[PDB]
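Colleague: Got a structure for you, questions after.
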Amino acid sequence: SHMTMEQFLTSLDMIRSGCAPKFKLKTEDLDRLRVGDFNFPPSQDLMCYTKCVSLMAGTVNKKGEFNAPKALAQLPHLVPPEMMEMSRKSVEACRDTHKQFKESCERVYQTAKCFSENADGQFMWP
């Protein structure tokens, strides 16, 4: 019921593989999100890609509403022990970001961006 850092790093690629084919995406954009650099304008496809990833994680519903209690319960299935506290801190800081947006892909993308900005360590997106 926990993952090692090695398993986490590899999981990023497996998660991406289940979402990227549904969209038209630029490799440079994915590379930037992979290192937690959300400092560039996203396309709708890129935003919806973040929703696809989060749906797989079970942290949002299809309306893009972020579920903090469920996200906290899913953390051991998503990140290694080394990143748990950073992630718990970001879940709390970003739990209401979705309330500022109406469209599902934007709700998720803005939440992921908030996680990347609040991260007190390196942040990696699938």
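FYI, it's all coordinate maths here, none of it is from the lab. Virtual Cβ from ideal backbone geometry, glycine too; neighbours counted across all protein chains shown.
Colleague: Looking only at the range 2-35, filter to residues that are touching a residue at least 12 places away in the same chain (Cβ under 8 Å) and of a type in the set (G, A, S); which one of those is nearest to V79 (Cα to Cα)?
Modeller: Among those residues, the one meeting the criterion is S11.
Colleague: Another one. Quick one: count up the residues across the range 1-24 that are in a loop (DSSP other than H, G, I, E, B) and basic (K, R).
Modeller: Of the residues in that region, 1 qualify.
Colleague: Within the range 100-126, can you find the residues that are under 16 Å from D31 (Cα atoms) and hydrophobic (A, V, I, L, M, F, W, C)?
Modeller: Answer for the range 100-126, where residues must be under 16 Å from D31 (Cα atoms) and hydrophobic (A, V, I, L, M, F, W, C): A112, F123, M124, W125.
Colleague: Just need a number here: residues in the range 43-59 that are under 11 Å from the mean Cα position of the chain (by Cα) and either more than 13 Å from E103 (Cα to Cα) or not aliphatic (A, V, I, L, M) (or both). Give the steps one after another, and end with the answer.
Modeller: Going through the range 43-59, the residues under 11 Å from the mean Cα position of the chain (by Cα) turn out to be 47, 49-59.
Those still in the list that are either more than 13 Å from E103 (Cα to Cα) or not aliphatic (A, V, I, L, M) (or both) too: 49-59.
Here the count works out to 11.
Colleague: Looking at the range 88-103, which of its residues are buried (at least 20 other Cβ atoms within 10 Å of the Cβ) and of a type in the set (G, A, S)?
Modeller: Within the range 88-103, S90 is the sole residue that qualifies.
Yes/no matrix, rows are residues, columns are (1) surrounded by fewer than 17 Cβ atoms within 10 Å (Cβ to Cβ); (2) closer than 15 Å to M124 by Cβ:
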residue: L12; (1), (2): yes, yes
residue: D29; (1), (2): no, yes
residue: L33; (1), (2): no, yes
residue: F38; (1), (2): no, yes
residue: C48; (1), (2): no, no
residue: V53; (1), (2): no, yes
residue: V60; (1), (2): no, no
residue: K70; (1), (2): yes, no
